[PDB]
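Structure first, commentary second.
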Amino acid sequence: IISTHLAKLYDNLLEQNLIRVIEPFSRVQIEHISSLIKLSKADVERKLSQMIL
Amino acid sequence: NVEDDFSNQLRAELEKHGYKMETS
Amino acid sequence: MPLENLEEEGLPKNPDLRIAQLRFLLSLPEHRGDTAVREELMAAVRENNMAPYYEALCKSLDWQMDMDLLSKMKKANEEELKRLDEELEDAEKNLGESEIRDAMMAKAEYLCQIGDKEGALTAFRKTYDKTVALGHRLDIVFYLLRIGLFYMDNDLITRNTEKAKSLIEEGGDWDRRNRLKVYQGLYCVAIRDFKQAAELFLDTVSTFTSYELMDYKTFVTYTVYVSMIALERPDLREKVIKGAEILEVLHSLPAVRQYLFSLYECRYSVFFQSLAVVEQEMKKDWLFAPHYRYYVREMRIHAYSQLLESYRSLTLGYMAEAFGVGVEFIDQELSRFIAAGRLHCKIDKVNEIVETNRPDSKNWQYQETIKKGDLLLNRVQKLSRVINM
Amino acid sequence: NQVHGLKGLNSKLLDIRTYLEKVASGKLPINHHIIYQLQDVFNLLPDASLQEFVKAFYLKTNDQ
Amino acid sequence: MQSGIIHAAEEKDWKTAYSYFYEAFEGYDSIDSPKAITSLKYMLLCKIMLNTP
């Protein structure tokens with residue numbers, strides 16, 4: 001039950017963490033965002049795009 | 001307006017294949 | 001089963017291919033016994049553009065009907081009437097209310113299958129007056145609507161729908177409420193706006209148990225196709241992709257499945273590839289568009305918009321390749337896309353960066369109030385000048 | 001009410017105005033209240049701005 | 001308690017699964033079964049999936 005549930009919960013964690021970084025900022029480097037989330041740059045670019053949509 | 005549909009289907013498939021070779 | 005008749009009338013109309021479609025059109029009406037009416041129906045088929053009927057003076061008599069079919073149906077319809085009159089004589093001997101109604105209502109549906117509208121109305125009329133099962137009541141009124149959808153007279157569709165619409169909600173039958181959605185769903189593709197149609201189909205697959213409908217599998221294939229046209233990536237993703245139901249069922253879809261998937265991947269190379277082929281493939285076989293311009297115009301706005309919204313800048317090469325068509329064609333298309341105000345991007349070809357400003361803002365919503373108001377506004381002045389004299 | 005408001009506003013401003021002439025010359029007292037009120041007008045600098053219109057009225061009479 | 005395992009995991013109706021585990025949990029305490037311990041653990045698994053931490 002948890003095993004399957006963890007994958008989505010992981011993704012959710014990225015999305016909530018992302019909006020927090022994005023809230024005061026404007027014209028912020030992606031690299032700065034990647035550091036705050038502490039997760040890989042590519043994964044971030046992808047997630048970022050979904051959120052815009 | 002103008003009839004975009006007749007022209008787009010033929011153009012999209014064909015042009016795209018040449019574009020693959022030409023550019024990324 | 002009868003829903004294919006309605007789709008088939010629609011195919012000669014497609015401006016993308018007139019001729020092939022005629023052969024699709026013939027097949028199902030020959031089996032059912034539309035032959036008798038078809039002489040009168042043939043004039044409607046000319047507007048739709050060409051017919052291959054035995055009395056047709058249209059171009060394609062390459063799949064022309066044989067003379068014997070017209071005559072066979074006609075004898076059959078008279079024979080059916082001869083049995084009916086006699087049933088009617090018997091009816092007084094038993095109960096007046098039961099026997100005359102069952103026969104009158106059966107006769108109407110038969111008349112409806114042929115596509116004789118006049119004979120249908122009269123035959124039905126008595127049955128409505130008398131006591132008959134609520135579920136049966138909703139199926140018979142849908143048959144009057146079904147004759148009009150075949151006939152493709154637009155004014156005719158309206159009358160039936162409004163009446164049926166009151167009786168369905170009054171009734172207890174949920175399953176029957178769904179049936180009306182499909183018939184109305186054919187109506188929605190029939191007019192220019194395709195967007196309206198998708199929603200009816202999403203509901204009907206769940207509930208509309210087989211009787212007056214094709215197999216579950218042929219209905220699911222229609223379902224996904226139409227969902228893609230209206231719905232963008234968030235809407236499509238939640239609705240279709242999230243579900244338990246598709247995994248449990250197992251796919252038989254892959255061609256249409258790629259068209260749904262490409263949007264999500266947000267690679268327009270895959271999208272456009274699937275689009276030139278799919279348009280031709282699906283649309284020709286079964287009607288979801290008698291006006292080919294509407295379908296591509298709406299898809300292309302979404303494919304460009306969605307790429308642009310997410311990514312500010314792209315190179316011309318990527319832009320040309322992903323979209324498909326020529327740079328020249330692309331540059332003309334954009335100008336029309338810009339006018340709407342939802343796209344608002346600039347293209348530098350002299351510096352080879354295509355920039356997208358992308359304002360999500362109040363201006364987008366504002367734009368909408370102003371734009372929509374125009375059609376109505378023009379239309380009252382015209383109504384008022386008529387009413388006054 | 002709007003026209004009633006303008007003739008009314010105008011009366012209030014005369015009271016202040018006639019008083020200042022009298023304070024400057026004729027030596028009526030200088031109170032912090034009078035001076036506070038006058039200064040604010042210049043400071044606030046109101047800027048004309050958009051909005052508040054509707055077009056609905058015609059449809060309703062047509063229907064009727 | 002057995003119904004939740006199936007419901008949550010495959011179908012992703014975490015609400016329905018949760019309601020089932022809560023029915024077991026209530027029943028179990030009255031005798032004070034060890035099964036009670038297990039049931040409580042599952043309820044927590046389902047809400048974290050919804051991401052209401």
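Residues in the structure tokens are named by chain (A, B, ... in the order shown) and by number from 1 within that chain; ligands are numbered from 1 in the order shown.
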| Neighbours of residue 81 of chain C within 12 Å (only C-alpha atoms; same-chain residues fewer than 4 positions away dropped), as a PyMOL selection string? | chain C and resi 74-77+85-88+103-104+106-108+110-111+119+123
File of the preceding selection, N, CA, C and O atoms, as an mmCIF file, in the first residue's frame:
```
data_model
loop_
_atom_site.group_PDB
_atom_site.id
_atom_site.type_symbol
_atom_site.label_atom_id
_atom_site.label_comp_id
_atom_site.auth_asym_id
_atom_site.auth_seq_id
_atom_site.Cartn_x
_atom_site.Cartn_y
_atom_site.Cartn_z
ATOM 1 N N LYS C 74 -40.423 -1.551 -50.345
ATOM 2 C CA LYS C 74 -41.734 -1.033 -50.544
ATOM 3 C C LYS C 74 -42.796 -2.077 -50.396
ATOM 4 O O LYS C 74 -43.794 -1.815 -49.783
ATOM 5 N N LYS C 75 -42.612 -3.308 -50.920
ATOM 6 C CA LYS C 75 -43.597 -4.366 -50.786
ATOM 7 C C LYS C 75 -43.713 -4.778 -49.326
ATOM 8 O O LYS C 75 -44.842 -4.919 -48.893
ATOM 9 N N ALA C 76 -42.486 -4.843 -48.684
ATOM 10 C CA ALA C 76 -42.288 -5.205 -47.288
ATOM 11 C C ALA C 76 -42.983 -4.230 -46.396
ATOM 12 O O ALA C 76 -43.688 -4.631 -45.466
ATOM 13 N N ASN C 77 -42.888 -2.939 -46.587
ATOM 14 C CA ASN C 77 -43.559 -1.929 -45.785
ATOM 15 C C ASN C 77 -45.066 -2.078 -45.893
ATOM 16 O O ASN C 77 -45.723 -2.088 -44.845
ATOM 17 N N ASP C 85 -53.231 -3.688 -39.729
ATOM 18 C CA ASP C 85 -54.662 -3.272 -39.809
ATOM 19 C C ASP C 85 -55.463 -4.392 -39.188
ATOM 20 O O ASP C 85 -56.362 -4.212 -38.414
ATOM 21 N N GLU C 86 -55.085 -5.619 -39.523
ATOM 22 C CA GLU C 86 -55.667 -6.766 -39.030
ATOM 23 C C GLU C 86 -55.518 -7.033 -37.532
ATOM 24 O O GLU C 86 -56.407 -7.447 -36.854
ATOM 25 N N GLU C 87 -54.307 -6.675 -36.999
ATOM 26 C CA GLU C 87 -54.002 -6.704 -35.567
ATOM 27 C C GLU C 87 -54.977 -5.816 -34.805
ATOM 28 O O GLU C 87 -55.478 -6.200 -33.758
ATOM 29 N N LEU C 88 -55.264 -4.647 -35.407
ATOM 30 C CA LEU C 88 -56.088 -3.602 -34.946
ATOM 31 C C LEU C 88 -57.525 -4.071 -34.805
ATOM 32 O O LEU C 88 -58.134 -3.889 -33.710
ATOM 33 N N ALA C 103 -49.305 -2.510 -30.850
ATOM 34 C CA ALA C 103 -49.186 -2.498 -32.269
ATOM 35 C C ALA C 103 -48.858 -1.098 -32.883
ATOM 36 O O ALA C 103 -48.026 -0.948 -33.742
ATOM 37 N N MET C 104 -49.530 0.002 -32.356
ATOM 38 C CA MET C 104 -49.341 1.338 -32.889
ATOM 39 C C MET C 104 -47.966 1.855 -32.678
ATOM 40 O O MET C 104 -47.370 2.500 -33.506
ATOM 41 N N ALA C 106 -45.150 -0.104 -32.083
ATOM 42 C CA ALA C 106 -44.272 -1.015 -32.875
ATOM 43 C C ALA C 106 -44.262 -0.521 -34.334
ATOM 44 O O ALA C 106 -43.154 -0.438 -34.923
ATOM 45 N N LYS C 107 -45.434 -0.121 -34.896
ATOM 46 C CA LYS C 107 -45.558 0.340 -36.218
ATOM 47 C C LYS C 107 -44.765 1.607 -36.437
ATOM 48 O O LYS C 107 -43.970 1.652 -37.397
ATOM 49 N N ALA C 108 -44.796 2.553 -35.441
ATOM 50 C CA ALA C 108 -44.033 3.789 -35.451
ATOM 51 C C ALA C 108 -42.639 3.600 -35.515
ATOM 52 O O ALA C 108 -41.967 4.243 -36.349
ATOM 53 N N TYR C 110 -40.929 1.113 -36.647
ATOM 54 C CA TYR C 110 -40.675 0.442 -37.938
ATOM 55 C C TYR C 110 -40.629 1.492 -39.004
ATOM 56 O O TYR C 110 -39.792 1.566 -39.887
ATOM 57 N N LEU C 111 -41.611 2.475 -38.952
ATOM 58 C CA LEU C 111 -41.711 3.566 -39.797
ATOM 59 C C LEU C 111 -40.540 4.413 -39.637
ATOM 60 O O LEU C 111 -39.848 4.834 -40.585
ATOM 61 N N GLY C 119 -45.351 9.170 -41.005
ATOM 62 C CA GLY C 119 -45.997 7.969 -40.544
ATOM 63 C C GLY C 119 -45.662 7.667 -39.135
ATOM 64 O O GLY C 119 -46.513 7.158 -38.386
ATOM 65 N N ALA C 123 -48.400 7.376 -35.635
ATOM 66 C CA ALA C 123 -48.414 6.092 -35.105
ATOM 67 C C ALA C 123 -48.094 6.179 -33.636
ATOM 68 O O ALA C 123 -48.765 5.619 -32.790
#
```
Residues near residue 43 of chain A, cut-off 12 Å, only C-alpha atoms, skip fewer than 4 positions along chain, as a short mmCIF file (atom, residue, chain, number, x, y, z; two decimals) with C-alpha atoms, in the first residue's frame:
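The resulting file, part.cif, is reproduced below:
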```cif
data_model
loop_
_atom_site.label_atom_id
_atom_site.label_comp_id
_atom_site.auth_asym_id
_atom_site.auth_seq_id
_atom_site.Cartn_x
_atom_site.Cartn_y
_atom_site.Cartn_z
CA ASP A 11 6.14 13.98 -6.60
CA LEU A 14 8.51 18.26 -5.07
CA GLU A 15 5.47 20.35 -6.12
CA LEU A 18 8.69 24.23 -5.59
CA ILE A 30 16.96 27.42 -12.10
CA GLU A 31 20.16 26.36 -10.37
CA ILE A 33 15.82 26.52 -7.29
CA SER A 34 17.58 23.09 -7.79
CA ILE A 37 14.78 21.66 -3.43
CA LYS A 38 18.11 19.64 -3.35
CA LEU A 39 17.17 17.54 -6.21
CA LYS A 47 8.19 19.54 -12.91
CA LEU A 48 8.34 23.28 -13.35
CA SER A 49 6.76 23.02 -16.76
CA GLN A 50 3.82 20.81 -15.48
#
```
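When the distance limit is 8 Å and only C-alpha atoms are what count, the residues near residue 10 of chain E, minus those fewer than 3 positions from it on the same chain, are residues 244 of chain C; 6 and 7 of chain E.
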| task | Could you please write out, as a VMD selection string, every residue of chain E that DSSP assigns to helix (DSSP H, G or I)? | result | chain E and resid 2 to 11 14 to 31 35 to 50
Taking only residues of chain C that have an atom at most 8 Å from an atom of chain A, what is each one's shortest atom pair and its distance in Å to one decimal, using only C-alpha atoms, in chain and number order, as a tab-separated table?
```
residue	atom	partner	partner_atom	distance
C:233	CA	A:53	CA	7.6
C:234	CA	A:53	CA	7.1
C:306	CA	A:53	CA	7.5
C:309	CA	A:52	CA	7.2
C:310	CA	A:49	CA	5.1
C:311	CA	A:49	CA	7.6
```
Could the residues in this selection be written to a file with C-alpha atoms, as an mmCIF file, in the first residue's frame?
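Saved result, again.cif, follows:
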```cif
data_model
loop_
_atom_site.group_PDB
_atom_site.id
_atom_site.type_symbol
_atom_site.label_atom_id
_atom_site.label_comp_id
_atom_site.auth_asym_id
_atom_site.auth_seq_id
_atom_site.Cartn_x
_atom_site.Cartn_y
_atom_site.Cartn_z
ATOM 1 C CA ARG C 233 -3.253 18.429 -20.730
ATOM 2 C CA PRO C 234 -4.584 19.057 -17.078
ATOM 3 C CA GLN C 306 1.039 24.643 -24.696
ATOM 4 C CA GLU C 309 3.420 28.540 -22.137
ATOM 5 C CA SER C 310 5.966 26.261 -20.616
ATOM 6 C CA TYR C 311 9.188 27.470 -22.410
#
```
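Selected on chain C by distance to chain D: residues 366, 369, 370, 373, 374, 376, 377, 378, 379, 380, 381, 382, 383, 384, 385, 386, 387 and 388 of chain C (within 12 Å, counting only C-alpha atoms).
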| task | Residues of chain C near chain B: apply a cut-off of 6 Å, count only C-alpha atoms, and supply the list as JSON, numbers by chain. | result | {"C": [276, 293, 296, 317, 318, 321, 324, 325]}
Give me a file of those residues, with N, CA and C atoms, as a CSV table (one decimal), in the first residue's frame.
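selection-v9.csv was written with the following content:
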```csv
chain,number,residue,atom,x,y,z
C,276,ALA,N,-1.7,14.4,-38.6
C,276,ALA,CA,-2.0,14.4,-40.0
C,276,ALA,C,-2.7,13.1,-40.3
C,293,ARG,N,-12.1,22.3,-41.3
C,293,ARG,CA,-11.4,23.5,-40.8
C,293,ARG,C,-11.5,23.7,-39.3
C,296,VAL,N,-8.7,21.1,-37.2
C,296,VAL,CA,-7.2,21.3,-37.2
C,296,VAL,C,-6.9,22.6,-36.6
C,317,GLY,N,14.8,26.0,-35.6
C,317,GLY,CA,14.9,24.6,-36.0
C,317,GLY,C,14.0,23.8,-35.3
C,318,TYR,N,14.0,23.9,-33.9
C,318,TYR,CA,13.2,23.1,-33.0
C,318,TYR,C,11.7,23.4,-33.3
C,321,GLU,N,10.5,22.0,-36.9
C,321,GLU,CA,10.5,20.5,-36.8
C,321,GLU,C,9.3,20.0,-36.0
C,324,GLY,N,5.8,21.1,-37.8
C,324,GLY,CA,5.8,20.2,-38.9
C,324,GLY,C,6.0,20.9,-40.1
C,325,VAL,N,5.0,21.7,-40.5
C,325,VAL,CA,4.8,22.4,-41.7
C,325,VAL,C,6.0,23.4,-41.8
```
| task | Skip residue 2 of chain E itself and residues of its chain fewer than 6 positions away, then list as a ChimeraX atom specification all residues within 10 Å of it, counting only C-alpha atoms. | result | /E:17,20-21,24,39
| task | Please provide the set of residues having any atom within 8 Å of residue 171 of chain C, restricted to only C-alpha atoms, with same-chain residues fewer than 2 positions apart removed, written as JSON, numbers by chain. | result | {"C": [134, 135, 167, 168, 169, 173]}
| task | Fewer than 6 positions away in the same chain doesn't count, so skip those; otherwise give me all residues within 12 Å of residue 336 of chain C, counting only C-alpha atoms, as a PyMOL selection string. | result | (chain B and resi 1-2+4) or (chain C and resi 297-298+300-301+329-330+342-345)
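Atom CA of residue 20 of chain D lies 13.1 Å from atom CA of residue 36 of chain D.
Near chain E, counting only C-alpha atoms at 9 Å, the chain A residues are residues 1, 2, 3, 4, 5, 6, 8, 9, 12 and 13 of chain A.
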Once you have the residues from the selection above, write them out as an mmCIF file, in the first residue's frame, restricted to N, CA and C atoms.
```
data_model
loop_
_atom_site.group_PDB
_atom_site.id
_atom_site.type_symbol
_atom_site.label_atom_id
_atom_site.label_comp_id
_atom_site.auth_asym_id
_atom_site.auth_seq_id
_atom_site.Cartn_x
_atom_site.Cartn_y
_atom_site.Cartn_z
ATOM 1 N N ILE A 1 0.811 -1.220 0.000
ATOM 2 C CA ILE A 1 0.000 0.000 0.000
ATOM 3 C C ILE A 1 0.841 1.264 0.000
ATOM 4 N N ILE A 2 1.877 1.317 0.917
ATOM 5 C CA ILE A 2 2.826 2.373 1.045
ATOM 6 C C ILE A 2 3.702 2.410 -0.180
ATOM 7 N N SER A 3 4.098 1.207 -0.738
ATOM 8 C CA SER A 3 5.088 1.264 -1.723
ATOM 9 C C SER A 3 4.744 2.068 -2.960
ATOM 10 N N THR A 4 3.509 1.840 -3.406
ATOM 11 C CA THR A 4 2.860 2.463 -4.517
ATOM 12 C C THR A 4 2.581 3.963 -4.175
ATOM 13 N N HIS A 5 2.105 4.159 -2.929
ATOM 14 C CA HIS A 5 1.737 5.511 -2.358
ATOM 15 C C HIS A 5 2.906 6.461 -2.239
ATOM 16 N N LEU A 6 4.148 5.958 -1.990
ATOM 17 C CA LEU A 6 5.360 6.708 -1.889
ATOM 18 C C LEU A 6 5.758 7.442 -3.170
ATOM 19 N N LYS A 8 3.926 8.833 -5.697
ATOM 20 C CA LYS A 8 3.076 9.991 -5.789
ATOM 21 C C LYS A 8 3.299 10.986 -4.737
ATOM 22 N N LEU A 9 3.527 10.527 -3.490
ATOM 23 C CA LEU A 9 3.850 11.372 -2.360
ATOM 24 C C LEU A 9 5.147 12.093 -2.515
ATOM 25 N N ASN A 12 4.468 14.876 -5.039
ATOM 26 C CA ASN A 12 3.696 15.862 -4.384
ATOM 27 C C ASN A 12 4.659 16.743 -3.631
ATOM 28 N N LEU A 13 5.756 16.170 -2.991
ATOM 29 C CA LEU A 13 6.662 16.827 -2.114
ATOM 30 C C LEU A 13 7.463 17.831 -2.911
#
```
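From atom CA of residue 161 of chain C back to atom CA of residue 131 of chain C, the distance works out to 21.9 Å.
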